[PDB]
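What follows is one chain in structure tokens, specifically the form deposited in one PDB entry.
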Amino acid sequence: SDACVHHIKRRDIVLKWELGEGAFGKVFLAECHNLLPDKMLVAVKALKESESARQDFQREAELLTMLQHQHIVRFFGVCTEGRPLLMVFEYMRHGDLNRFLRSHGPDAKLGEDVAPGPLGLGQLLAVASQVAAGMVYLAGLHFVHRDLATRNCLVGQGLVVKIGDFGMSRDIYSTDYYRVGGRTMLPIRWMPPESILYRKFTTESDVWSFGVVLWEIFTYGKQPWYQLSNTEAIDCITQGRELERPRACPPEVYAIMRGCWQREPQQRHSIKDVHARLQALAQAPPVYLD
């Protein structure tokens, strides 16, 4: 063990109800007792165990125990008193960022935290800024995320956005991945040319992916290269075809997206610089009437 992962007693956890389900397991809203002060709400991932093989759960627990920061989803500990194995995270009321975005999209149906309908520019910029900050932390630790996308971010009370997911994105958002052969799914629409062609993944590729996240944020969670097949999107990416500017996205933000989309990984801006630019724009949002 590389980190003293916290252990929660099974009695302290009360599963309220199921919030989602994947292949490796499912997510519950639950009531956890005696964590910080007093019966708080948490999100608990239960595994389905290939138990001896799914004991990489421990590794994920140690990593998540060490990988703690603002703008990264908070991890509290695990429970292994019996079956199934549980993993306890903080509850993020608005669910994943893509779901949130689509729920505030121009084409949707149906709050106390945020007005219904389209977000303002400052809000989109704030979301982007927060994701970018999470990435600044990760790059700082020489961590390569490898699946950066709104679906793998979570939105909490007061529009707090953090990087994080429960490992179900390949089940829930199967369309966002391209199946290669078998038992391997690639988020191609979010990947730079060097990840696709040369099969290399670095902090710079995460920068590209973040460009794509920006595009998602300004299209309210629409899929990149939608209406194109997987191979068609691949051809696009490897031929230097950029994503069009979203109608809600001002030119100054599209320039940032384009900054992230330099073909040569060394020519892309650092995640810190992108974060700074986005934070500045969020501090003084540019007028854009479309």
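Residues that one form lacks are left out of the comparison. Definition used throughout: the rigid core is the maximal C-alpha set that superposes within 1.5 Å between two forms. One-based numbering along the sequence shown.
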As a check of understanding, is residue 56 unmodelled in at least a third of the other compared entries that model its flanking residues?
no
Say whether residue 180, which has coordinates in the shown structure, is without coordinates in a third or more of the other compared entries.
yes
Please classify the unmodelled stretch of the deposited sequence between residue 37 and residue 38: none, 1 to 3, 4 to 9, or 10 or more residues.
1 to 3
Residue 110-residue 111 interval: deposited residues absent from the model:
1 to 3
Per the entry, where is the mean C-alpha temperature factor higher: 235 to 243 or 53 to 61?
53 to 61
Tell me which stretch, 278 to 286 or 11 to 19, has the higher mean Cα B-factor listed in the entry.
278 to 286
Given 211, 187, 181, 167, identify the residue with the highest C-alpha B factor in the PDB entry.
181
From 48, 222, 69, 45, pick the one with the largest CA B-factor in the entry?
48
Here the Cα B-factor of residue 41, set against its chain, lands in the third termed middle
Please say which third, lowest, middle or highest, residue 260 falls into when its CA temperature factor is compared across its chain.
middle
Third of the chain's Cα B-factor distribution that residue 120 belongs to, per the entry:
middle
Going by the CA temperature factor in the PDB record, which third of the chain does residue 200 belong to: lowest, middle or highest?
middle
Split the chain's modelled residues into thirds by Cα B-factor; residue 96 lands in the lowest
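Although it is not shown, the form deposited with a small molecule bound is what the next lines describe.
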Of 101, 79, 73, 212, which one comes within 4.5 Å of the small molecule in the deposited bound form, counting heavy atoms only?
73
Can you check 212 to 220, 124 to 132, 137 to 145, 190 to 198 and let me know which stretch has heavy atoms within 4.5 Å of the small molecule in the deposited bound form?
137 to 145
Interface membership of residue 207, the small molecule in the deposited bound form, 4.5 Å heavy atom rule:
no
Any non-hydrogen atom of residue 248 within 4.5 angstroms of the small molecule in the deposited bound form
no
Is residue 119 close enough to touch the small molecule in the deposited bound form, meaning at least one heavy atom pair within 4.5 Å?
no
The small molecule contact in the deposited bound form: residue 67, any heavy atom under 4.5 Å:
yes
Residue among 166, 100, 208, 89 with C-alpha shift of 2 Å or more between this form and the one not shown, core superposed:
166
Look at the CA atoms of residue 15 and residue 165: state whether they lie closer or farther apart in the deposited bound form than in this form, given a difference of 3 Å or more.
farther
Fitting the two forms on their core, which runs of three or more residues have every Cα moved by 2 Å or more between this form and the one not shown?
52 to 55, 165 to 167, 285 to 290
